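What follows is a single structure, written as structure tokens, with notes after it.
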Amino acid sequence: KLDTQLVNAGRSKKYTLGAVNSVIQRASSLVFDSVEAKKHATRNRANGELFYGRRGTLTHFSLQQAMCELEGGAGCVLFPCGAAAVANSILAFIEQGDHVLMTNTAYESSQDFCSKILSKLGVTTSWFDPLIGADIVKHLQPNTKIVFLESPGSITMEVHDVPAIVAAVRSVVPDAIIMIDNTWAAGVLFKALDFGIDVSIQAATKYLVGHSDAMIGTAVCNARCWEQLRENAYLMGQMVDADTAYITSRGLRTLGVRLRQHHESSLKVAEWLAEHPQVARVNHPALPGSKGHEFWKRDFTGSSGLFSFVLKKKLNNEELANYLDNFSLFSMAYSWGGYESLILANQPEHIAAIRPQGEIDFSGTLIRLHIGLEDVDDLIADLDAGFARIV
Amino acid sequence: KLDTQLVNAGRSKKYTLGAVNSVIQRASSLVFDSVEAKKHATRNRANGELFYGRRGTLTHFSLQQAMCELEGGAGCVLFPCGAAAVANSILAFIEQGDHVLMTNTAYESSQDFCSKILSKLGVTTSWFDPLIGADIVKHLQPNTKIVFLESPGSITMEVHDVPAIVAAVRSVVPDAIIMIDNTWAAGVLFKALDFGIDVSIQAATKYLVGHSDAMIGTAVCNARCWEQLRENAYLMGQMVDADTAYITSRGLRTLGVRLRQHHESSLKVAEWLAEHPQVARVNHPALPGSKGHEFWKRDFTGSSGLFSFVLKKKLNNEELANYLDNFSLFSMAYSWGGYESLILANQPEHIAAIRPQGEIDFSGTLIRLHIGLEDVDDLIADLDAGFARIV
Amino acid sequence: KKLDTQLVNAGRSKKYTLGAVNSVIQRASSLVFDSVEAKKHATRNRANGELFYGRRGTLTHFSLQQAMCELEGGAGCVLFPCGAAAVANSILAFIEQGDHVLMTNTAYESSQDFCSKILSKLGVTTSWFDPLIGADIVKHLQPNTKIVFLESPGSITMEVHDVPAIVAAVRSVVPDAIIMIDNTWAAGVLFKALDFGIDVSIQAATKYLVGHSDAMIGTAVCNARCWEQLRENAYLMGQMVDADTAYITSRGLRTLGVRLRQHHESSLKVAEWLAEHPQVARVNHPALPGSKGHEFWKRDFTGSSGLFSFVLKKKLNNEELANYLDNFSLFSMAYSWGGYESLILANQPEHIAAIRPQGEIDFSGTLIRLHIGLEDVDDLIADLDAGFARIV
Amino acid sequence: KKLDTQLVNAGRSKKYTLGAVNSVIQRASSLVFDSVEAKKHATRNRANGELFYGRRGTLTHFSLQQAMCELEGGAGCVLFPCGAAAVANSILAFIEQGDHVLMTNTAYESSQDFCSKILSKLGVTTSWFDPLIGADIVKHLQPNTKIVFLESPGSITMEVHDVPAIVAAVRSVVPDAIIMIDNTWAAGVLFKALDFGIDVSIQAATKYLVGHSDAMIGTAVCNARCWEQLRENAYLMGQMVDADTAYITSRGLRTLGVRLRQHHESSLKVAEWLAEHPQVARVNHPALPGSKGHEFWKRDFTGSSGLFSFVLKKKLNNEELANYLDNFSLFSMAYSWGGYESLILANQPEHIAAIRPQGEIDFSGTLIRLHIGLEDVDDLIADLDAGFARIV
């Protein structure tokens, strides 16, 4: 049923108004036809009636309903990008004197927000190894307010044991807000809310948009946490533009066909890399032997196309340029979840800089690949010519 | 020269690329053609080179340059709406233990952010009368970090004596960040940065967009404050979409012709209202006798079209509906700065609720009008039929 | 009925705005029918503003159409992907093999080229008339004349027709002619074409209606007589415009009054200064006394836009042309006009003679066409004066 | 040269992407010339991908054009505001009074109506041929035949032409005919029309290329022989598409492979189930053995899309039609197709007979046209089965 759900999510007649897709209603001012109507809108301003463009128009309401259907949420809060969704969802639940506990494989800008912004506000952050499972209880404090997960991890791809973590957290600090950056799974390949997580956050920028051309963050909330996240992010003025909301809704339509290709291609590339003379290790959650692969197999319903691998060699600057500068099909850029395949290098000392209170376990240059929609054998051919440049 | 500046601001060839207007470059991923190029982009990521869509594309850079030219700034920071610009510009400069001092006529969501969000983060806020001038020194504390102005004030339209306030603040707390919500002036009718203000904030949603169909906040900074505001708002993921940046740039083009009509019409309406049997008081900065009109005349180069007036009567609910429900040309909606004229009522007890540490001085129903681009005599006719419904 | 109030409200019915101030943007090809009964009703009303199929329009197009009918006083508004398509397709909609088309020799060049290169091979002939022919247009009418095509002011040279004289004269000889006008310069609104007994008023909405040089679109506002035939025959040619452009055209209407008043005030001040300037031979501005057809403009228009031309005393050689045009600071060279910025183009007398069929030109200096935008008028005059000093 | 890699990269030259992954969106009418020399160079290259005037395109259009030339193997790509405009205007670009047009009687109805209602009054005649005529097309050729217009598979009834036989036969009699095909169903890519000696491959990019039912646009990819004439004559009619739609069409290309593979796999599974169903008389799916021209599809196409039809054993009366169509849960009624969602439409045999000129129909039950979208195929089959139970 995921394919049927994606096609239809949010496409109620009150939003589509005779069209297949939702209307695009651009607005700040929304007009009240009478004092009575304005009183009704005001009462329902956070309940999907037209009130003011900062709260949404019909376009936003459509995306919101779609995201709640897909991720099994009580509400969906919108932001101008994923980093805004992370920073503001955390902010929405903290106060001076709180502790935040975050996986050390969190997205770097997520870590930065905590280390550079929260620290000045009387909020301390500490870190954990993504494979800690039930042993996370050692890191919990009486003042732990947020436990922030990201599975798989940024760059290095470690999958958490979310069931174990959640049961441990609920046993010790049941008031904690458990959040996950669920971007890799595009919210649909891991049903975070069904595992007891309070908030599922995505850079909708990535697979939901699908084409590398719009930025948008989403936070789907359970009933417990929706009101606080919604109202407190509203107080920070968080919203996304109507057109971007429309394009996000539109990305959902092809999300199933895209994610099946990303899975099929990326796993075939991971398998080929794993057997290559020049590769030390492959980090792909769907690949047997990868860190937390067992948790991927048990808890996810698919894979996307982002993964990494580690070269046997630590490339020097000359070698790095010869490798990365001469790809035919892979491009160097940040982000991912688009239709085109991307490549970035990360030296071991770079990654060690962004694993606080943890330790690196590789020594070669780490390559992160986003496997897009191009013919997989063409991509493999491009990677092999790559290896020949650095043998 | 303002008209020539508006027409040309930001329209460098590197952004327009053969067209009259800037290109619309939609992107998250921005591609690096080599390792050397990526190192160059990285070094210049906050200096107008293409790096990642969260920092901007050519479209954003164009708007940024335009806003810096118009408002005489070192940099322009972008946000998803005005309320986001206010909340995040304040957040960018505070830490636990700070004091914020804000005019009691600040926009209500500005006050709310301080009372509901900052309070939990160890930051206290207090308030001042907008006409306080040099006497503001009584409100300054050793830990005052931000002095937040809004001139004219929201709803009630009081104009500050900005020179007096700034000299007083610099004499007592020279480290304070002085910010102003300069939306009414559309940043161009009051050159805030030239008066020693550190940050000029706008709901670009209002007159810069001009058509009530896009939401966007801007903060133009002096050289002292730009880096901190830019980097700290980036850490909160603040940005606006490319298309909205384009539409903002595009609004600037007609801003002079619009604002001259808004001034001409709104002042003629204010003059007519001032002489009407049913009106107690008119609050329009351009109208002699209005609170701080002298400061308007000395410090501004024009007026926009938003003002208010107070009825002799405090309308009951029946009367409120008869009045507001039967307008032909005025519409009820929030926001303003568009092409169409708007009307809202505010009872005295409502306004008293949002003037902290201050006192109301009127007793009749307050009407706020946005005077748009319609024939002024048609608007006056609509207001007079209005008066006849409540005599 | 005051233009400014009309511009602000035109098309913004609740059924199209749906709670916002502007019309919604409804992007669609497919439009869904909830039942066979609904499908049947939509089919009947497919040319009557019911949702049927995106080629016929969505709510966004219907909004613009209503606005254009209101503003120009028409029974309907047909939409096209640019102004040239509106012209070409509006003429095509009414002709058949064996017809003749009578067109002002001041017509936009692409309109002339459509007649001479397309219509000719379809058995349709074209001839041309001087824009100041007036009542004497009777001399050019044939038994097979189907269309009389006006453009006032003229392209480039700005001659204003005596429309009342032309129209009364055509109707006295060929009452059932389709009279059309390319009314782009007046933005449909400074000259109410349909009130003068013209059947079809065509614009390049590309120009003033959009107002920012960033969208292309053509409109044809038609009387009740001609609406069905234009609409249906244009539809058979697949003519439509995208919903987003329709929205931006509706949105342009909102500032069209404040923009046109600035373009008039500035362009007339420029024109008056140019008339006095010793390097200028003549100024062609409808609003400036002495211009061809000024007295007709005075009588028949309720305002001016910002496009006009002037003729230099010199015929510039190539080196002087370059030195003049290449070094402007505020004026830019580009085609189109009707935007917020000022443009400049040169035309040599021999270039204009080549697009003035069956007629002669009336100047021998280099002609400069100006679009006066929204910049400070004294800055623009300073840029023009610096230009003069480069070709003394 | 693998389709998937081509789709991802087509048109994304650095000069159009300017640092991003997708082409920039350059909205413009005016395009600025920095000097007289630049203006002169832009003028020369105005049909060669230099910025000249928005009616000719911006960088965004040039990107799409390059992508379409690459994908269909053409020398150029002409753009139009919808598919119907592409058809109408591509035919117009090549005809003149006295010509004859030979068109498949399975042609999209609007294409037939253009010929019968527009072309007829311009001295151009049209006749029609059965889509399975093959080599016997020679029987319909006249000395004045200028165009032979193919559509394969056929609209609604889905008959596949033997294109190699038709084309060899036309060239043996009228070598200088312009042969065109409406190649919308194959999305330009499952049938490489230009490799079969067809001159012009036309699509309603509206359908599969856009892929989301929210933009309208037509394309005509032309060989070197025919490109200039199509381009220039289409331009004289003002044909263009907006930059934003061009961008969304380029963007549609990126997922066209993954979408078409799902539409094929799902629609064939549906077709196979329908063939077996006791309330179904026949299935018209190019990929299903037994369908008209299947063996030609097998030989000539590299895949299928998701549009096909089937004929019920019953001719539904009006009450049964309603009960059937009105109560679907996943299929929607709407025109167009090629999007992500599934659509259903009914056509009675007498309705199809009326749009099958110079030929007869081959069925007597109600015909149902299906577009199979991206929904779960077993959900769609369950909705169809519930439909069958409503008309047993």
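Expressed as a whole number of Å, what is the distance separating the alpha-carbon centroids of the range A:263-317 and the range B:199-256?
Rounded to whole Å, the Cα centres lie 42 Å apart.
Peptide B:110-122: average number of partner chain Cβ atoms within 10 Å per residue?
Per-residue shielding by partner chains comes out at 4.
Could you give the size of the charge dipole of the range B:128-285 about its Cα centre, using +1 on the Cβ of each K and R and -1 on the Cβ of each D and E, expressed in debye and rounded to the nearest 20?
About 240 debye.
What does the charge add up to near A:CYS221, with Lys and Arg as +1, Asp and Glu as -1, over the other residues with Cβ less than 11 Å from its Cβ?
Result for the local shell: -1.
Please state, as a whole number in µm²/s, the translational diffusion coefficient that the Stokes-Einstein equation yields for chain D at 4 °C and 1.567 mPa s, with Rh defined as the Kirkwood radius across alpha carbon pairs.
My calculation gives 60 µm²/s for D.
Take peptide B:244-250, look around each residue's Cβ out to 10 angstrom, count Cβ atoms belonging to other protein chains, and average those counts.
3
Relative contact order of chain D, please, whole-number percent, based on alpha carbon pairs below 8 angstrom and at least 6 residues apart.
In percent, rounded to a whole number, it is 17.
List the trypsin sites (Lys or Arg not before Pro) in the range D:209-290 that DSSP assigns to loop (not H, G, I, E or B) and whose Cβ has at most 10 other Cβ atoms within 10 Å. Which are they?
Passing sites in the range D:209-290 do not exist.
Placing +1 on the Cβ of each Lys and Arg and -1 on the Cβ of each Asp and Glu in the range D:1-255, which of D:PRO143, D:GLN203, D:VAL24 has its Cα farthest towards the positive end of the resulting dipole?
Checking the options against the dipole of the range D:1-255, the answer is D:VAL24.
From the phi of every residue in the range B:29-35, what ³J(HN,Hα) in whole Hz does the Karplus formula 6.51 cos²θ - 1.76 cosθ + 1.60 yield, where θ is phi - 60° and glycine or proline is x?
Taking θ as phi minus 60°, the curve returns 4, 10, 8, 9, 6, 7, 4 Hz for the range B:29-35.
List the residues, sorted by chain then number, that are 5 or more residues from D:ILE147 or on another chain and whose placed amide H is less than 5 Å from its amide H.
So D:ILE147 has HN proximity to D:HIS100, D:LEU102, D:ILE178.
Toward the positive end of the charge dipole of the protein assembly as shown, about the Cα centre and with charges on Cβ (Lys, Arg +1; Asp, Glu -1), which of C:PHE62, A:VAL173, D:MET180 goes farthest?
D:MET180
Considering just Cα atoms, how many Å³ per residue does the convex hull of the range C:77-233 enclose?
In the range C:77-233, the Cα hull volume divided by residue count equals 99 Å³.
Assigning unit charges at the beta carbon (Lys, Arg +1; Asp, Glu -1) and nothing else, what dipole magnitude in debye, to the nearest 20, does the range A:255-391 show about its Cα centre?
460 debye
For the range C:15-29, what does the Karplus curve 6.51 cos²θ - 1.76 cosθ + 1.60, with θ = phi - 60°, yield as ³J(HN,Hα) per residue in whole Hz, taken in order and with x for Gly and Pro?
5, 9, 8, 6, x, 9, 7, 8, 4, 5, 9, 10, 7, 5, 9
Need the C-alpha centroid separation for the range C:73-124 versus the range C:220-262, integer Å.
16 Å
Size of the range B:1-254 along its principal axes in angstrom, Cα-based, largest extent first?
That works out to 57, 39, 30 Å along the principal axes.
Work out the P(r) tail for the range A:71-215: percent of alpha carbon pairs separated by more than 21 Å, whole number.
Here the long-distance tail beyond 21 Å is 38 percent of all Cα pairs in the range A:71-215.
Order these by the 10 Å Cβ neighbour count, fewest first: A:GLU36, B:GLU71, D:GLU50.
If I rank by nearby Cβ atoms, fewest first, I get A:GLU36, D:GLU50, B:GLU71.
Viscosity 0.692 mPa s, temperature 37 °C: what is the translational diffusion coefficient of the range C:256-392 from Stokes-Einstein with a Kirkwood Rh over Cα pairs, rounded to a whole number of µm²/s?
Answer, rounded: 213 µm²/s.
Given N residues in the protein assembly as shown, what is its alpha carbon radius of gyration divided by 2.2 N^0.38 Å?
Rounded to two decimals, the normalised Rg is 0.93.
Go through C:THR157, C:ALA346, C:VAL124 and say which Cα lies farthest out towards the positive end of the charge dipole of chain C; charges sit on Cβ, +1 for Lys and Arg, -1 for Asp and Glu.
Highest projection toward the positive end goes to C:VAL124.
So which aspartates and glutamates pass the test for C:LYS292, namely a Cα distance under 12 Å, with those fewer than 8 places away in the same chain ruled out?
C:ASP130, C:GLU159, C:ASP162, C:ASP362
May I have the pair-distance distribution P(r) for the range A:255-391, computed from all Cα-Cα distances with 5 Å bins from 0 and rounded to whole percent?
2, 10, 19, 24, 21, 15, 7, 2, 0
If you average 1/r across every pair of different Cα atoms in the range B:199-322 and take the reciprocal, what Kirkwood value do you get, in Å?
Kirkwood hydrodynamic radius for the range B:199-322: 17.5 Å.
Could you give me the ³J(HN,Hα) list for the range B:39-48, computed from phi with Karplus coefficients 6.51, -1.76, 1.60 and θ = phi - 60°, whole Hz, x at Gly and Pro?
5, 5, 4, 4, 4, 9, 4, 10, 10, x
Past 23 Å, Cα to Cα, is the threshold; run A:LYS14/A:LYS206; A:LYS38/C:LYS15; C:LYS121/C:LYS146; A:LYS1/A:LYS191 against it and keep the listed order.
A:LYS14/A:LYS206
How large is the charge dipole for the protein assembly as shown, taken about the Cα centre, if only the Cβ atoms of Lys, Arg (+1) and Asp, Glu (-1) carry charge, to the nearest 20 debye?
Roughly 100 debye for the protein assembly as shown.
Quick test of the membrane-span-like rule: which DSSP H helices of chain D reach at least 15 Å along their long axis (C-alpha atoms) with mean Kyte hydropathy at least -0.5?
Long hydrophobic helices here: D:59-72, D:83-94, D:163-173, D:243-276, D:377-389.
Which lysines have a Cα lying under 24 Å from the Cα of B:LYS120, excluding residues fewer than 8 positions away in the same chain?
Reachable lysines: A:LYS116, A:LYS120, A:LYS145, B:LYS145.
Rule-based calculations on the coordinates, nothing more; no lab input. Cβ sites come from the backbone with ideal geometry, for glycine too, and all protein chains shown count toward neighbours.
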